[PDB]
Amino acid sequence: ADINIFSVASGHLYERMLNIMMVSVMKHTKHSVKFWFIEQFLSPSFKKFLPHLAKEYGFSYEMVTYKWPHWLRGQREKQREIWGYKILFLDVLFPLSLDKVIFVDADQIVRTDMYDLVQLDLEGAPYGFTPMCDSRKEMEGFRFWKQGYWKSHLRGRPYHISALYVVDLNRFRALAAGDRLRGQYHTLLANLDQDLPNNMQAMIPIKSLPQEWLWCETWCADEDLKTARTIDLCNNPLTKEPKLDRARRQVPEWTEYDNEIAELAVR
């Protein structure tokens, strides 16, 4: 497929949002699309519905199986285990033939042709992430990456949000980036999937994507929603507003797509 996207949904609401994310992709491209899912994180309900969604929305899909390695420190907390599956296994989840994959959070709405991201030149970096927004000024106290350890550590590199990233799997494998990330994970990560790649940039470069690639209201100004290519419903450490409430109000298409999926289910 032209576009290859990987995501995870563990939890009822994340599954509901993942179906919507997938629909949002298909509304904005006429390229071929394949979704990749990790077997362990597929529930019976989701697995049952998935082929219907595929026959309606015109995507293909494949499951990968990868057991957390015995020698690799585990995560007792499910949420952190999931975040680990996002980042620790990029060289081993997928077939060797797969050239490139894009990770998109389940709680996203896409508003762009994701082939644009497939075509985007990473300029030798094995993966690309969007910088955190600076624009919403009221949230400065929560921008921990501008404080203490991170300002010094980053040496002028951005701190990037891990909701969306494109991985040149060939370059990533050639650089042995997976072994390096797993080695650093052992050595050291409150934000496991985000702190790790941002910490390792000198060793494993990030291509900083243009800012429009990922908008989250937590960090980003209202005025920049209109030019956002994708939207993430990232948790807001100030308001603690429930994600479902945010999904209903943020952009009109979330409810549009949820309703469309509901009508598919009636059939």
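Residue indices: 1-based, along the sequence shown.
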Legend entry - Absent coordinates between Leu188 and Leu189 - deposited residues affected, binned into four classes: 4 to 9
Inset, instruction - Quick one: say whether 66-74 or 214-222 has the higher mean Cα B-factor in the deposited entry. - result: 66-74
Inset, instruction - Would you determine, from the values in the PDB entry, which of 242-250 and 8-16 has the greater average C-alpha temperature factor? - result: 242-250
Legend entry - Residue with highest C-alpha B-factor in the PDB entry, from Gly148, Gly128, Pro131, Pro197: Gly148
Legend entry - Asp113, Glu123, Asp168, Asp105, ranked by C-alpha B-factor: the highest one: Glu123
Inset, instruction - Report the third (lowest, middle or highest) to which the CA temperature factor of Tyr159 belongs, ranking only the modelled residues of the same chain. - result: lowest
Inset, instruction - Ordered by C-alpha B-factor within the chain, which third holds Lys48? Give me lowest, middle or highest, please. - result: highest
Inset, instruction - Tell me, lowest, middle or highest third: where does the Cα B factor of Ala177 rank within its chain? - result: middle
Inset, instruction - Grab the CA temperature factor for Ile204 from the record and place it in the lowest, middle or highest third of its chain. - result: middle
Legend entry - B-factor third for the C-alpha atom of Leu264 within its chain: middle
